[PDB]
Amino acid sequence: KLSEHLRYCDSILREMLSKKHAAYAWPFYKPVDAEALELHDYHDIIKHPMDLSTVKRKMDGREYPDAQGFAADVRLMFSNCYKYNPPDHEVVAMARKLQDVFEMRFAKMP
């Protein structure tokens, strides 16, 4: 049901959501609830929200055609974090630390 490339993608998605990286992956677990976190401007600047919860739903829904479309949403997720938060925020360092994990395993695929 899943291609060989997308099998590796789902395994990558699984590691990013594991207990291993929970110290810095937690900001990206669920979609940004602008009201629940009192960030009333998130949707005035981020017009295409994305988070790991949304990404897994699209993966299980078989909505990703290739690995490129999967990499697009995860990189969009980090771009939303970098575009909205100040550069010195610790969550930005968490986005960096989590993306550095993603880019590593994603680069090692045939």
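Superpose the two forms; the largest set of C-alphas matching within 1.5 Å is the rigid core. Position 1 is the first residue in the sequence shown; the rest follow in order.
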Which of the two stretches, 29-37 versus 75-83, has its Cα atoms farther on average from this form in 6 other deposited structures of this protein when everything is superposed by the rigid core?
29-37
Which is higher in the entry, the mean Cα B factor of 56-64 or that of 70-78?
56-64
What third of its chain's C-alpha B-factors does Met109 belong to: lowest, middle or highest?
highest
Going by the CA temperature factor in the PDB record, which third of the chain does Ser18 belong to: lowest, middle or highest?
highest
Lowest, middle or highest third: where is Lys97 by Cα B-factor in its chain?
middle
In terms of the chain's CA B-factor thirds, is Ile46 lowest, middle or highest?
middle
